[PDB]
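Summary of structural features
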Amino acid sequence: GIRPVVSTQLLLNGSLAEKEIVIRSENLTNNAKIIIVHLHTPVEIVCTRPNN
Amino acid sequence: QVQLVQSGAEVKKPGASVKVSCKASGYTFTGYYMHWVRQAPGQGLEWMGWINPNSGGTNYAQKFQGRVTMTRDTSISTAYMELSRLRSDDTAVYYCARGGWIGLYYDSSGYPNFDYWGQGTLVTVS
Amino acid sequence: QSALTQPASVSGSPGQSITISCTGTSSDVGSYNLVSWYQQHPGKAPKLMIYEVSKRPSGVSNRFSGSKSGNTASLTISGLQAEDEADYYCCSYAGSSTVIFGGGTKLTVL
Ligand SMILES: *[C@@H]1O[C@H](CO)[C@@H](O[C@@H]2O[C@H](CO)[C@@H](O[C@@H]3O[C@H](CO[C@H]4O[C@H](CO[C@H]5O[C@H](CO)[C@@H](O)[C@H](O)[C@@H]5O)[C@@H](O)[C@H](O[C@H]5O[C@H](CO)[C@@H](O)[C@H](O)[C@@H]5O)[C@@H]4O)[C@@H](O)[C@H](O[C@H]4O[C@H](CO)[C@@H](O)[C@H](O)[C@@H]4O[C@H]4O[C@H](CO)[C@@H](O)[C@H](O)[C@@H]4O)[C@@H]3O)[C@H](O)[C@H]2NC(C)=O)[C@H](O)[C@H]1NC(C)=O
Ligand SMILES: *[C@@H]1O[C@H](CO)[C@@H](O[C@@H]2O[C@H](CO)[C@@H](O[C@@H]3O[C@H](CO)[C@@H](O)[C@H](O)[C@@H]3O)[C@H](O)[C@H]2NC(C)=O)[C@H](O)[C@H]1NC(C)=O
Ligand SMILES: *[C@@H]1O[C@H](CO)[C@@H](O)[C@H](O)[C@H]1NC(C)=O
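Here the residue numbering is sequential from 1 along each chain as its sequence is written and may not follow the entry numbering; residues with no coordinates are omitted from view. All chains are assigned letters beginning with A, and all ligands numbers beginning with 1, in the order in which they are written. These chains belong to a larger assembly; the numbers reported describe only the chains shown. Computation of side-chain values covers all heavy atoms of the structure but excludes hydrogens and water.

If you check the header, you'll see the entry was determined by cryo-EM and the resolution is listed as 3.8 Å.

Per the PDB entry, chain C goes by UCA4 light chain and derives from Homo sapiens. This deposition appears in the PDB under the title "Cryo-EM structure of CH848.d949.10.17.GS-DH270.UCA4".

As recorded in the PDB entry, chain A goes by HIV-1 BG505 DS-SOSIP glycoprotein gp120 and comes from Human immunodeficiency virus 1.

Here's the deal with the environment of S65 of chain C
Residue and element names in this part refer to chain C. Runs of E in the DSSP output that reach at least two residues are strands. Runs of H or I that reach at least four are helices, and both are numbered from the N terminus. Within the secondary structure, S65 sits in strand 5 (residues 64–69). Note on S65: relative accessible area 35%, which makes it partly exposed. Residues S65 and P46, 19 residues apart in the sequence, show an inter-C-alpha distance of 18 Å. Should any heavy atoms of two residues lie within 4.5 Å, those residues are counted as being in contact. With residues near it in sequence (within four places) discarded, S65 still touches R56, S74, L75 and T76. Only protein chains enter the accessibility calculation, which uses a 1.4 Å probe; a residue is then buried when its area is under 20% of its type maximum, exposed when over 50%, and partly exposed in between.

Focus on the environment of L4 of chain C
Residues and elements named next belong to chain C. Counting through the fold element by element, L4 comes out in the segment before strand 1 (9–12). According to the relative accessible area criterion, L4 is buried, its value standing at 8%. Counting along the chain gives 100 residues from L4 to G104, while the straight-line C-alpha distance between them is 9.5 Å. Non-local contacts of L4, meaning those with residues more than four positions away in its chain, are made with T23, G24, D28, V29, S92, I100, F101, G102 and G103.

So, the site of ligand 1
We call a residue near a given molecule or strand whenever any one of its heavy atoms falls within 4 Å of it. Near ligand 1 lie 13 residues; those nearest to it are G100, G103 and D115 of chain B together with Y51 and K55 of chain C. What surrounds ligand 1 is not a single chain but chains A, B and C. Between ligand 1 and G103 of chain B there is a distance of 2.9 Å, counted from an oxygen atom to a backbone nitrogen or oxygen. Every accessible area reported is derived by Shrake-Rupley at a probe size of 1.4 Å, with residue values counting cover from the shown protein chains alone. Protein burial of ligand 1: of its 1600 Å² of free accessible surface, 35% is covered by the chains. In terms of residues, the shell around ligand 1 owes the most to one element, strand 8 (residues 92–101) of chain B, which gives three residues. For the shell around ligand 1, the residue count by class is six nonpolar, five polar and two charged. Polar contact criterion, stated in full: a pair of N or O atoms within 3.5 Å, where within protein one must be able to donate a hydrogen and the other to accept it, and residues adjacent in sequence count only if both atoms are side-chain atoms. As a working rule, the residues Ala, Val, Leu, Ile, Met, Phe, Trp, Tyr, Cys and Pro are called nonpolar, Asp, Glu, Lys and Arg charged, and the rest polar, with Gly in that last group.

With respect to unusual backbone geometry
One non-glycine residue, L104 of chain B, lies in positive phi territory at about 65 degrees. Following the sequence through the fold, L104 of chain B ends up in the loop between strand 8 and strand 9 (121–125). For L104 of chain B, a relative accessible area of 76% translates into the label exposed. With a phi angle near 55 degrees, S97 of chain C is a residue other than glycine that sits in the positive phi range. Of the residues examined, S97 of chain C reaches a relative accessible area of 10% and is grouped as buried.

A closer look at the arrangement of the chains
There is a clear gap between chain A and chain B: no contact, and 7 Å between their nearest C-alpha atoms. Kept free of each other, chain A and chain C leave a smallest C-alpha distance of 9 Å between them.

Re the environment of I2 of chain A
Residues and elements named next belong to chain A. Its place among the elements puts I2 in the segment before strand 1 (22–24). According to the relative accessible area criterion, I2 is exposed, its value standing at 82%. Counting along the chain gives 45 residues from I2 to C47, while the straight-line C-alpha distance between them is 23 Å.

Dropping the structure here:
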């Protein structure tokens, strides 16, 4: 199952990793390629609002 | 020790306006709300809206909209209450009471926790 | 949108527990747990008795027990003395940043 969440930075709900923090990148030589960090443990986050 | 002082006892006639000034001393009053309550002699309390001494937002209760205005004055730490269009049953005592804590993250206006109160003022009409 | 219900008067001997309660609409008390009680001697300003349904303020001893069940907010009085001749008042959040106060109780010491 793939959840099609939309996020620019700081990826939301998704499948975790298996053993450790894993680095994925295309080259790791030039700085124009976006490097993806995949975490092993999740961190809770909440976002709220006042009334309308 | 902090203190809340008020104005003197007022006598009036119906069809006028009245100013009541509540002055808070002893603490940074801009971080705490300010509610107003009234009580006719013989019956219970009832509640008018609050004033926020940070920005200037104001709510009011029912049967008071377009009749009562509330004003800050942060230089000498006081709050003004104007009540216009008086009628015969408005003879009562008024109290200004310290509300919750403004904390920039939650609507703490409707937290009925009034811990420090003024001496109250007696406004009567004939 | 009138005031909250409250009994007119209570009475009792010193030394035992006396119950008082407020009932109201579930939009006022049944949906929000923000209910407080006030004691008012006649002649000066009232003093705060309780913050939540039950968490004690400073300067008040453990003699005033508050609870909420359904739409009934109850205060129980343990160990009455001569310093209890006053009025007891409900107040609660009601939505739309409005506070509704109670009716009023007269207490007589026998
Ligand atoms: C997202 O995360 C953020 C993280 O910040 C969350 O925001 C935070 O939300 C909580 C609650 O949700 C807020 O806590 C509230 O803070 C107030 C303010 O207390 C501070 O000031 C006290 C006063 O002292 C100052 O003011 C005087 C005025 O002159 C000065 O002279 C002093 O020098 C001080 O400047 C101070 O005493 C407090 O100390 C307390 O906390 C410290 C923390 O480390 C302890 O050590 C202390 O021992 C002491 O416990 C504090 O510095 C609190 O007052 C609030 O508690 C009241 O409300 C409760 C709810 O009803 C009630 O149960 C409490 O008993 C308490 O009751 C108060 O009620 C009336 C209010 O006027 C009064 O009768 C009386 O004051 C009484 O105390 C509450 O804890 C955080 O402030 C807020 N963060 C920020 C930055 O604002 C946010 O919620 C999260 N969002 C989510 C989860 O969605
Ligand atoms: C955030 O804003 C919403 C705006 O709708 C608030 O909801 C409104 O709350 C009031 C509370 O008094 C509701 O009024 C009640 O309506 C019932 C309906 O029968 C009536 O019987 C009561 O006597 C009372 O008048 C109002 O209906 C409700 N709005 C809607 C659309 O339902 C909400 O309360 C606000 N949040 C907070 C925490 O206050
Ligand atoms: C990208 O990787 C290839 C081989 O993996 C390497 O030859 C090339 O130099 C890399 N790009 C840059 C800009 O270094």
